[PDB]
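K.L.:
Let me begin by handing over the structure; questions about it come next.
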Amino acid sequence: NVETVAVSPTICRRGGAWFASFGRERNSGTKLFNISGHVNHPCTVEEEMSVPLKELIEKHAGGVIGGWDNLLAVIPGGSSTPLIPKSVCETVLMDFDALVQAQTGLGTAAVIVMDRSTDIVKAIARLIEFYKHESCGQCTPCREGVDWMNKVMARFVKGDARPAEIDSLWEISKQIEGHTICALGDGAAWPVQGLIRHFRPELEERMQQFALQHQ
Amino acid sequence: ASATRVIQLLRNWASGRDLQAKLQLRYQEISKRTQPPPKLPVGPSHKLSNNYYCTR
Ligand SMILES: Cc1cc2nc3c(=O)[nH]c(=O)nc-3n(C[C@H](O)[C@H](O)[C@H](O)COP(=O)(O)O)c2cc1C
Ligand code: SF4
């Protein structure tokens with residue numbers, strides 16, 4: 001990566017131990033963070049590795065729009081990483097291992113925040129549509145299954161499906177994950193998995209509303 | 001059966017049992033030849049998940 005080679009000469013010039021001072025063990029160094037979405041001041045900033053997410057948002061980003069209680073979800077490492085809700089991001093650290101403990105992973109340290117005034121299903125569907133557009137399509141799992149997941153999410157957004165399909169979608173993701181050639185299939189399966197795992201009630205409520213209103 | 005009462009009495013006495021109760025010719029008591037559409041429920045393995053074929 002650009003950042004790795006860019007920091008290598010400064011590491012050599014100032015020594016390995018100086019870099020190893022920051023962060024935790026096996027998570028040493030400083031990291032560039034992009035904060036985007038629903039914040040007062042979206043920005044890029046270099047910060048110590050294992051900085052808590054909350055103070056990172058409240059210090060450099062200016063805080064979530066409408067206050068911290070307005071926060072709904074955060075994607076800590078770009079579209080590939082699964083989302084996490086407010087409850088776990090209250091007291092989570094920002095590095096590889098502590099985010100893996102939160103079943104997400106650091107990824108590329110790209111924080112995207114969403115407050116309570118947005119359609120999270122719409123956002124995850126947009127991400128799945130992006131992954132559908134950007135897959136090369138040489139291997140059957142990524143190509144076929146990612147188009148299938150894109151269609152299923154598009155159907156979820158308006159609530160046109162039934163709850164028995166949600167688990168099916170989960171199964172579909174597990175068929176894509178680990179069976180493709182590269183990690184794009186994994187990075188398309190993970191957001192669906194996180195959305196389902198953390199907001200199944202939202203999808204179920206949307207399905208009930210659609211079924212009631214269409215009869 | 002459109003049989004006169006005297007003939008019914010004669011046949012019942014000859015047989016020894018009441019024939020008119022259970023006749024061997026079928027009448028309007030049978031089911032209609034045109035029926036409503038059925039629905040025919042699906043089997044147990046018509047699930048959408050946790051239905052891998054290697055397990056069944
Ligand atoms: C679909 C996909 C897109 C990727 N895009 C980038 C990218 O734009 N920049 C990058 O540094 N790594 C990207 N990666 C990860 C690369 O595998 C990674 O850069 C490579 O392993 C070397 O990264 P490193 O410097 O961390 O060792 C991407 C991976 C996948 C699966
Ligand atoms: S998983 Fe990778 S190699 Fe396979 S179709 Fe998707 S982008 Fe291409």
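By convention in this document, the chains of the structure tokens carry letters A, B, ... by their order, each chain's residues are numbered from 1, and ligands are numbered from 1 in the order they are shown.
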Segment 102-107 of chain A: which residues within 7 Å, counting only C-alpha atoms, same-chain residues fewer than 4 positions away excluded, as number ranges by chain?

P.N.:
A: 76-78, 81-82, 94-96, 98

K.L.:
Determine, for each residue of chain A having at least one atom at most 6 Å from an atom of ligand 1, the closest pair of atoms and their separation in Å to one decimal, counting only C-alpha atoms and all ligand atoms; order by chain and ascending number, as CSV.

P.N.:
residue,atom,partner,partner_atom_place_in_ligand_line,distance
A:1,CA,ligand 1,25 (O),3.5
A:4,CA,ligand 1,25 (O),5.7
A:182,CA,ligand 1,31 (C),5.7
A:183,CA,ligand 1,31 (C),4.1
A:184,CA,ligand 1,1 (C),4.3

K.L.:
Tell me as a list in words which residues belonging to chain A come within 10 Å of chain B, counting only C-alpha atoms.

P.N.:
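The complete set of qualifying residues is residues 164, 165, 166, 167, 168, 169, 170, 171 and 172 of chain A.
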
K.L.:
For ligand 2, return the neighbouring residues as a list in words (distance at most 7 Å; only C-alpha atoms and all ligand atoms).

P.N.:
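Checking only C-alpha atoms and all ligand atoms against ligand 2 at 7 Å gives residues 135, 136, 137, 138, 139, 140, 141, 142, 143, 180, 181, 182, 183, 184 and 185 of chain A.
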
K.L.:
Now that the selection is made, can you save its residues with C-alpha atoms as a JSON list (two decimals), in the first residue's frame?

P.N.:
[["chain", "number", "residue", "atom", "x", "y", "z"],
["A", 135, "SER", "CA", -16.91, -7.51, -9.47],
["A", 136, "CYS", "CA", -14.91, -8.77, -12.43],
["A", 137, "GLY", "CA", -17.09, -11.87, -12.62],
["A", 138, "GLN", "CA", -14.60, -14.59, -13.56],
["A", 139, "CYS", "CA", -15.55, -17.01, -10.77],
["A", 140, "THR", "CA", -19.11, -18.26, -10.35],
["A", 141, "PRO", "CA", -19.66, -17.58, -6.59],
["A", 142, "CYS", "CA", -18.81, -13.87, -6.57],
["A", 143, "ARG", "CA", -20.49, -13.10, -9.90],
["A", 180, "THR", "CA", -14.31, -17.24, -4.32],
["A", 181, "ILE", "CA", -10.86, -16.60, -5.79],
["A", 182, "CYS", "CA", -10.18, -13.20, -4.22],
["A", 183, "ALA", "CA", -11.51, -11.30, -1.21],
["A", 184, "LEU", "CA", -14.07, -9.20, -3.09],
["A", 185, "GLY", "CA", -16.63, -11.94, -2.49]]

K.L.:
Calculate how many Å separate atom CA of residue 20 of chain A from atom CA of residue 97 of chain A, rounding to one decimal.

P.N.:
15.8 Å

K.L.:
Write out as a PyMOL selection string which residues come within 12 Å of residue 191 of chain A when counting only C-alpha atoms, dropping same-chain ones fewer than 3 positions away.

P.N.:
chain A and resi 74-84+103-105+120-121+123-131+146+149-150+153+169-170+173+177+184-188+194-199

K.L.:
As a list in words, please: every residue in segment 94-132 of chain A that DSSP puts in strand (DSSP E).

P.N.:
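Here is the list: residues 110, 111, 112, 113, 114 and 115 of chain A.
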
K.L.:
Residues of the last selection are to be written out with N, CA, C and O atoms, as a PDB file, in the first residue's frame.

P.N.:
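The resulting file, again-v2.pdb, is shown below:
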ATOM      1  N   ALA A 110     -11.435   3.270   7.499  1.00  0.00           N
ATOM      2  CA  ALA A 110     -12.326   4.243   6.877  1.00  0.00           C
ATOM      3  C   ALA A 110     -13.640   4.244   7.646  1.00  0.00           C
ATOM      4  O   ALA A 110     -14.480   3.360   7.451  1.00  0.00           O
ATOM      5  N   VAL A 111     -13.816   5.231   8.518  1.00  0.00           N
ATOM      6  CA  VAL A 111     -14.986   5.323   9.379  1.00  0.00           C
ATOM      7  C   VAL A 111     -16.101   6.023   8.614  1.00  0.00           C
ATOM      8  O   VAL A 111     -15.925   7.147   8.135  1.00  0.00           O
ATOM      9  N   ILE A 112     -17.241   5.350   8.486  1.00  0.00           N
ATOM     10  CA  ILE A 112     -18.444   5.913   7.885  1.00  0.00           C
ATOM     11  C   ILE A 112     -19.562   5.815   8.911  1.00  0.00           C
ATOM     12  O   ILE A 112     -19.925   4.712   9.330  1.00  0.00           O
ATOM     13  N   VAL A 113     -20.113   6.954   9.310  1.00  0.00           N
ATOM     14  CA  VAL A 113     -21.083   6.975  10.397  1.00  0.00           C
ATOM     15  C   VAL A 113     -22.471   7.268   9.844  1.00  0.00           C
ATOM     16  O   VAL A 113     -22.627   7.936   8.815  1.00  0.00           O
ATOM     17  N   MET A 114     -23.487   6.750  10.534  1.00  0.00           N
ATOM     18  CA  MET A 114     -24.883   6.948  10.171  1.00  0.00           C
ATOM     19  C   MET A 114     -25.685   7.220  11.432  1.00  0.00           C
ATOM     20  O   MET A 114     -25.658   6.417  12.371  1.00  0.00           O
ATOM     21  N   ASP A 115     -26.403   8.342  11.447  1.00  0.00           N
ATOM     22  CA  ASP A 115     -27.246   8.695  12.576  1.00  0.00           C
ATOM     23  C   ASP A 115     -28.596   7.985  12.469  1.00  0.00           C
ATOM     24  O   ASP A 115     -28.835   7.173  11.572  1.00  0.00           O
TER      25      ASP A 115
END

K.L.:
For residue 26 of chain B, which of B:46, B:9, B:14, B:1 is the closest residue, counting only C-alpha atoms?

P.N.:
B:1

K.L.:
Kindly indicate which residue among A:13, A:151, A:158, A:24 lies nearest to residue 204 of chain A, using only C-alpha atoms for the distances.

P.N.:
A:158

K.L.:
From the options A:108, A:63, A:45, A:52, which residue's atoms come nearest to residue 89 of chain A, counting only C-alpha atoms?

P.N.:
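Of A:108, A:63, A:45, A:52, the one nearest residue 89 of chain A is A:52, counting only C-alpha atoms.
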
K.L.:
When DSSP is applied to the backbone of this structure, which of chain B are assigned alpha helix (DSSP H)? Write them out as a ChimeraX atom specification.

P.N.:
/B:5-15

K.L.:
Just want the 12 Å neighbourhood of residue 68 of chain A, counted on only C-alpha atoms, with same-chain residues fewer than 6 positions away dropped. Output as a ChimeraX atom specification.

P.N.:
/A:38-40,53-55,57-58,61-62,74,86-87,89-90,113-116

K.L.:
As an exercise, work out the distance from atom CA of residue 51 of chain A to atom CA of residue 93 of chain A in Å and give it to one decimal place.

P.N.:
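So the two atoms, atom CA of residue 51 of chain A and atom CA of residue 93 of chain A, lie 5.9 Å apart.
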
K.L.:
What is the distance between atom CA of residue 91 of chain A and atom CA of residue 203 of chain A, in Å to one decimal?

P.N.:
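According to the coordinates, atom CA of residue 91 of chain A and atom CA of residue 203 of chain A are separated by 26.3 Å.
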